[PDB]
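Protein chains in written order, with full-length UniProt numbering: chain A, 1 to 372; chain B, 1 to 370; chain C, 1 to 371; chain D, 2 to 166.
We put the beta carbon where it would ideally sit given N, CA and C, even for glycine.
Some notes on the structure that comes next.
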Amino acid sequence: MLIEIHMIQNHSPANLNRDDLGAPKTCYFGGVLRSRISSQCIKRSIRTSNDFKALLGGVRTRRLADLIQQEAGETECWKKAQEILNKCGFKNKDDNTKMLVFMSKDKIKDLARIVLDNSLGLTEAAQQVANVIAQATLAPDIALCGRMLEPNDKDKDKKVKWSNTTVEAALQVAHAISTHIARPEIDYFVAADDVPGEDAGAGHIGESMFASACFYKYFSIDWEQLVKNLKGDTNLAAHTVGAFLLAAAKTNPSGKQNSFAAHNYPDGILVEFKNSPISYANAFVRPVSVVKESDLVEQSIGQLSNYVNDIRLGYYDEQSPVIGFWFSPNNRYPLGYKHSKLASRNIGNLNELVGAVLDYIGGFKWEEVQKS
Amino acid sequence: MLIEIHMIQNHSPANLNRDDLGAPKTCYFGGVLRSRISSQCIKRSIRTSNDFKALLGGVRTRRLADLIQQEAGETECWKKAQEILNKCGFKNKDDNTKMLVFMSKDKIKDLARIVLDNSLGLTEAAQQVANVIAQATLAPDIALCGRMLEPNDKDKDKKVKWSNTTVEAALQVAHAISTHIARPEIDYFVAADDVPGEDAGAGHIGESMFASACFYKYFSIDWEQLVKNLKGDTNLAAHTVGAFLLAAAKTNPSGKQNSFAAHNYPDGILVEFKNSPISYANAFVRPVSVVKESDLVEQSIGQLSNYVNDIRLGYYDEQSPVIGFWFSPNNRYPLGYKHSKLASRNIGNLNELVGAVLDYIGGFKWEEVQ
Amino acid sequence: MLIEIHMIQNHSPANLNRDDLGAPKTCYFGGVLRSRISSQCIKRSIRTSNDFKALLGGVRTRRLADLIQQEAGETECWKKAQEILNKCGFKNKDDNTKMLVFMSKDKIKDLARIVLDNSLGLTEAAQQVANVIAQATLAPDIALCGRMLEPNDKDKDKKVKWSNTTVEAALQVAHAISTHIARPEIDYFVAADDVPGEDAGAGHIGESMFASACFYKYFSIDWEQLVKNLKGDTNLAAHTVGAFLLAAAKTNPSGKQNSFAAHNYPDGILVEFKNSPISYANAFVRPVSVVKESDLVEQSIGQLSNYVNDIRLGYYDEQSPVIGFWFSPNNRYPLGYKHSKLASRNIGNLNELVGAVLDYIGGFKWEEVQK
Amino acid sequence: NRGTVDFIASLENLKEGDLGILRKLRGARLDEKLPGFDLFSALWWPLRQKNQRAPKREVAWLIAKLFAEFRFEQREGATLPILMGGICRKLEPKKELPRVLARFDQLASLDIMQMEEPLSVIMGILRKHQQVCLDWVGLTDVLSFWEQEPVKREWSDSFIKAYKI
């Protein structure tokens, strides 16, 4: 059973994702230029959001020695700690390690015990550190995104064996693409000097780039893989799904928001339950050309509804029913027109949609899975 | 008789097939650069899919000794099996044989049975192991893909005599190529440090690569060779063909799909029945250039249809009729012409298309072979 | 009279022919590196095709004693057959002689008849054996490709002097050069293990080589030498010509075709009736580049048409006019949008092209000559 | 070769907006996306008027696009074969070296019109090892006379000399 989210979201002129130079990230889809928000950026915005604060367990850092000393509270262990980290396969470079370590925070204190044992052998302490690092995967974010960790063996140690450190991700996120052609815009700026002078020049002169766009976003979650990754826990899995839905429906990237502030909520969400993952991004191969009688969002939702209905009636299966939930605030946008009904329920509220989603998985309640 | 499946499929921006340098695999077709998906990627994605799950009969692996020991139940039957495999022409290298072995999964029980027997000498047991390995070729995937095994004769015992091992593959798959020209793109990423420190610098910094293109995929199935390789069971061959079509329709390569998730269903599937295999890859020698009014997929289907019409009217003989089925989701796209239909029956459904091809091939039904 | 066929064929990325190191075969033409397909590859792929199966009446084998035993049934004569084969100067290295022997398959019964009976002696029978292999030339494939066989001299029976055992070739096939530059490509492949283990490594890592190109194929058939090779069988010769045209048009070499499946049809065929052979391979001394306004095949066909016009205008002779046919499926590709005059007849159907070729050859019909 | 020097200096003098304009036009023609055509015409046309010599249009366009994608500080004495040999020497001599050498040797077979991606993979390998310099003037001069045999001979010989030491 796979739970999928398809989002249509308009965005006022902003620069949500950049590159080396500073241009907004673009891509080609259907032979035309688009506007793109990278899936890594969306995943990070979801992970460090307010609705995901209660579930942020893991940490991905190159400064494990500082965290170990902070959980310990005494000075002289810190240097010793990095020596331990030099024997597990993390060669330090300029006060920090050379590679990122992604692990749950709740096991970090156990790391402190290893640098709190002055009777332990160095090789034995390194082996115990490697084991407890390999076993630190009980957190919702690590379960969702997965982990690959390969400590080097050029200068690691002898007779130190690493267990399997690999988690298969239960979350797939597609790069967002604009539902129309891309029109980048250039803003010429100057930096006025606060002090009068003899020339009345500017402190600085330069440019910035920005673009407004209607994006399509796609998330997919495997329920069985998530449950297996969370060591058989179901209440924490339901909490993860609910918090993920609420965070992905109500959080935006934090890139150049101090100057553009595009905090726009989505004007349509499709939540599907099916045995295979499908993405309706092929709907907007022909770019949405704006007509005067309507706007960007209405035509985009109409084309999406057309493709969704054609796919549902085209790849129809008998032994696998499809249950769909359609959400729009106060039913502001239905599934376009030219159809009787496609989704089972047209929910007009976000929390009611979350409650229905948690009810579908067996009948869990949001307030009681909050306790996990 | 040959069953040909042609697919026009548009994909989201993704990196579904790379090389040693981490760039999307490309090629030079028609004198211009195109984006390419290797045939091995498509075959592996088909083979290990949910629709093909009931037919995963064969296993291709280097560690056969582990399978023999696991089937035999106990643990001490590991080094002995390694000795038998070493005497069969498979030199070991750090508890792993050098060469991959492809064989049906049903005969591993027999291998555990012979290895577990301690009353038989080394050379004759090796001979029986070689015989049962050579005769373990009954599986749908082995029938489709074929087998090769050339044991190292310089390491094997001189008393071991191998029978025939090569199996003729009953399936051909082409490297999928993009209809239009290729536009590779470079994605700049960094990995953020999650804790504050002294500098505001990130962790890793890198430049990955990705590209989006509309691909033309081609598969061919030989019916008689499939039935012959499946030891004459036509029901298994029909089930294999139907499950193969279902798995090729609704499965995509898993390369870097956790970050891109280009799970796009094909926008055109055409199925033909004819005695000689032909690929319509020359429909796109000139790249499809997008115009301001039309789109990519519709233009690709139109050009493919024009070339199909030219082939059907140029290479037609009365002594070999051709029956074609064209599938588009709820008839989203027409193919045959702008006014004519070259497909004998347009299908707006996938299961109905599968039932139709089975009914033409033998009158078989999906409720019997499955 | 000579029938010459020039073909333009663009191929999908594949490795239809390769050398000992696996790389696709290349050559230097006009100072520029082009992709090549060897002529023997094309000849074998046409010869062993399904569309030529009704004409395959010859075998080029190394194990003749095995055929003798398999056609004699159950009576044991395999050592005896090997001995008599050794007596006529063929040697024997573990059931296969040192040389390949080309001979029509109809004559194995006669060899079985001579080897079975003990009424005749050994050495004279060996001489008799020679008289069957020197006269087993009534096969279409022997008539087309041609055979030469020179037996040994250090182990002959001194009474087994051979007749003339050669057949002049009635078909000349060129090496299929490419119309443009060579673009070799490397496919980095891996082969994974179905059973998970400790590491993430795979079973095998390697690289293969492939290239996509537009090839120019050239064939020539000598009608008089063909009908002399089959001893005046004009009907059978016309059947061979028609079946050869069908097989050459509708077949590709089977090299790495289970991984690439480049089953591409030709996009243009030019069939000319001449008295002296001419090759249009010099049309592409300058390699064909790509312009956005056209594509590779159209540019190649235009270059071929320009060079054909140059050749016809520079070597016109009123004593021997040349009649040619141009074929493209449904007239998709004409002979350049500049002349419309080098093609005497424009044909859009392959069967109509074959029928017109046969009617020019002898006035026969295709369905008459197919049996 | 003063015209090439002026071309490269004008390329370094570019701001970020037109650099992004050129970055968006990788793998493309010159007949679409008019701002790219106007910027390239502004870059290349004054060279012909004053200086009698000027780099070829295709070579200049390729150099501009490669500079936009792979911004490198122009420094004399940092030719591409020398850096490639220095990278190739510190490699595994059994598997990685033949592959990277094949990717390098692919370059000396094509024309200017098809060198973009085979050069971009080389610049990507360079950027992987954190280079900070590249001789754009020498590369442009070599690419101009790419049809002369001693040019390719010196290219290969410089690569081998840097590899051997």
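- Any Cβ of chain B closer than 8 Å to the Cβ of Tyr315 of chain A would place that residue at the interface, and such an atom is present.
- For the options B:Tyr333, B:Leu138, B:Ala170 and B:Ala343, the alpha carbon positioned closest to that of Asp106 of chain B is the one of B:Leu138.
- For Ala29 of chain D, no Cβ of chain C is located within less than 8 Å of the residue's own Cβ.
- For the C-beta of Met209 of chain A, the chain D residues within less than 8 Å are, from N- to C-terminus, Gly18 and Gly21.
- Its chain contains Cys88, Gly89, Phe90 and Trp162 as the residues whose beta carbon lies nearer than 7 Å to that of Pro151 of chain B, once the 5 sequence neighbours on both sides are disregarded; these appear in chain order.
- Contact annotation, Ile114 of chain A with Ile84 of chain A: C-beta distance approximately 7 Å; criterion of less than 8 Å satisfied.
- Take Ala81 of chain A, set aside five residues on each side of it, and the residues of its chain with a beta-carbon closer than 6 Å to its own are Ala65, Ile68 and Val115, in chain order.
- For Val122 of chain D, at least one C-beta of chain B is nearer than 8 Å to its own C-beta.
- About 6 Å separates the beta carbons of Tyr218 of chain A and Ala281 of chain A, which is inside the 8 Å limit, making them a contact pair.
- Chain-order list of chain D residues neighbouring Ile186 of chain C: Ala103, by C-beta distance under 7 Å.
- Going by DSSP, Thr26 of chain B is part of no alpha helix (DSSP H) but of the beta strand (DSSP E) stretching over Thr26 to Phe29.
- Shown here, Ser254 of chain C sits in coil according to DSSP, grouped into three states, outside any helix or strand.
- Chain-order list of chain B residues neighbouring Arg100 of chain D: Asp20, by C-beta distance under 8 Å.
- With a beta-carbon spacing of about 39 Å, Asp194 of chain B and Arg47 of chain B fall beyond the 8 Å limit used to define contacts.
- Separation of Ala237 of chain C and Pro253 of chain C (C-alpha to C-alpha, rounded to the nearest whole angstrom) is 24 Å.
- Secondary structure at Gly18 of chain D: helix, using DSSP grouped into helix, strand and coil.
- Contact annotation for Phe102 of chain B against chain A: no contact, minimum CB-CB distance about 26 Å [criterion: below 7 Å].
- If you compare the alpha carbons of C:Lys53, C:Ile221 and C:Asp20 with that of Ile278 of chain C, the shortest gap goes to C:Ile221.
- For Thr166 of chain A, no Cβ of chain B is located within less than 8 Å of the residue's own Cβ.
- Pairing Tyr216 of chain B with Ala79 of chain D, the inter-Cα distance amounts to about 43 Å.
- Minimum Cα-Cα distance from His11 of chain B among the listed residues A:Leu21, A:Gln9, A:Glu4 and A:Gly31 corresponds to A:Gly31.
- Assignment of beta-bridge partners to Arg60 of chain C by DSSP yields C:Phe102.
- At least one C-beta of chain D is nearer than 8 Å to the C-beta of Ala23 of chain A.
- The beta carbon of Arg76 of chain D sits closer than 6 Å to those of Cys134, all from its chain and outside the five residues before and after it, given in chain order.
- With a 10 Å radius around the Cβ and a threshold of 16 neighbouring Cβ atoms, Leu21 of chain C comes out exposed.
- Contact of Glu118 of chain D with chain B is assigned, a C-beta pair being separated by under 8 Å.
- Burial of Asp310 of chain B is indicated by the presence of at least 16 other C-beta atoms within 10 angstroms of its C-beta.
- Out of D:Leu102, D:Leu84 and D:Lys16, the CA that lies nearest to the CA of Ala23 of chain A is found in D:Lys16.
- Per the Cβ contact rule, the region 247-266 of chain A is in contact with the region 3-19 of chain A (3 or more Cβ pairs under 8 Å).
- Comparing alpha carbon positions, the residue from A:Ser35, A:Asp267, A:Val369 and A:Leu342 closest to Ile181 of chain A is A:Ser35.
- In this structure, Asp317 of chain A lies away from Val297 of chain A, with their beta-carbon atoms at least 8 Å apart.
- The contact set of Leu120 of chain B on chain D, defined by CB atoms closer than 9 Å, is empty, because the minimum CB distance reaches about 42 Å.
- Distance check between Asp94 of chain C and each of C:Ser104, C:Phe102 and C:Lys79 places C:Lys79 closest, using alpha-carbon atoms only.
- For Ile64 of chain D and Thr141 of chain D, the gap between their C-alpha atoms comes out near 7 Å.
- Here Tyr265 of chain A carries a coil assignment [DSSP, helix/strand/coil].
- Counting C-beta pairs with one atom in each stretch, the region 320-329 of chain A and the region 346-365 of chain A have three or more that are closer than 8 Å, which means they touch.
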